[PDB]
Amino acid sequence: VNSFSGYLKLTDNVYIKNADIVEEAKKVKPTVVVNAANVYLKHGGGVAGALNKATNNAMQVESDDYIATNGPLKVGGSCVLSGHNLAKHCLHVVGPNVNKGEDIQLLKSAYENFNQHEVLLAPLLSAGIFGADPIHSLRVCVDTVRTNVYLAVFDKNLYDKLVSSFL
Ligand SMILES: CCc1c[nH]c2ncnc(NN3C(=O)CC[C@@H]3C)c12
Ligand SMILES: [Cl-]
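To convert a position in the sequence shown, counted from 1, into the deposited numbering, add 2.
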C-alpha cells in the first residue's frame, strides 16, 4: 500500500490521474518524481519549468552543476538528482522532441529508465511541448514500464481522451 489516491488503474502496474504533477508531488512527497527533461537540463517550461519553479530554482542550480561536471544527457537517457521540496529524488528523463526531428523510437528507451525505480510519479514523456501524441506516450509507457508508475496528466480534455481510447 502507498499514499497515491484517486488514480485509475490502467494495468497491473500503470495508474493515471487528472492532476498537476507539481501538486501531486507536493501532496505525496514520493520517493521519485520524474521530470520531462531536455538534454541540457534547462528547465524553462512545461513540466520541467513548473517543477523547477516549485523548487524556487534550486532544481536549476543543481542541474547546472550536474551539466558542468558531466555534460549533456543523451536523448532517451536520465540522471537521478535531488527531489528538493517535492520528492526524495527527481529522475530527469529525456524523451525525444519530435519538433527537433528526434527519433520517436527513443521514447521507449526513455521509459526504460523508469524500470530502475520500484515506484514513480511521472508525466507523459515526449508529450506536451515536446510534440508527440500523448495517446502514443501512454501506450509506450504501458508496454515498457514494469515498475509501479503513477501518471499525472494536467490537461483534463486529454485525460478524458486517454481514458476513453485505452482498452
Ligand atoms: C501544462 C504543464 C504541466 C504542469 N504540471 C503538469 N503535470 C502533468 N502534466 C503536465 N503536462 N502535460 C499534460 O497534461 C499532458 C502531457 C503533458 C506532459 C503538466
Ligand atoms: Cl508540457
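The beta-carbon is built from N, C-alpha and C at its ideal position, and this holds for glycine as well.
Does any heavy atom of ligand 1 sit closer than 6 Å to the C-beta of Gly46?
no
Leaving aside the five residues before and after residue 203 along the sequence, list all residues of the same chain whose C-beta is less than 6 Å from its C-beta, in chain order.
Nothing about residue 203 can be read from this structure; the chain reaches only from 3 to 169.
So what's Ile18 in DSSP terms, helix, strand or just coil?
Reduced to three states, the DSSP call for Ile18 is strand.
How far does the beta strand (DSSP E) with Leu108 in it extend, from its first residue to its last?
Taken as a continuous stretch (DSSP letters only), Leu108 belongs to no beta strand (DSSP E), being part of the alpha helix (DSSP H) at 108 to 114.
Close beta carbons around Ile106, own chain, < 8 Å, minus the five adjacent residues each side:
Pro98, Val100, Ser128, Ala134, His138
Closest to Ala89 by CA distance: which of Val95, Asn37, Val3 is it?
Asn37
Excluding the five sequence neighbours on either side, which residues of its own chain have a C-beta within less than 8 Å of the C-beta of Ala21, listed in chain order?
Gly8, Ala154, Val155, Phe156
Note the first and the last residue of the continuous alpha helix (DSSP H) segment covering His138.
136 to 146
Using 7 Å as the threshold, is the C-beta distance between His91 and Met61 below it?
Taking 7 Å as the Cβ cut-off, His91 and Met61 do not qualify as a contacting pair.
Where residue 170 falls: helix, strand or coil (DSSP)
Residue 170 is absent from the model: the chain starts at 3 and stops at 169.
If the criterion is Cβ atoms closer than 7 Å, does the pair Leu160 and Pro125 meet it?
no
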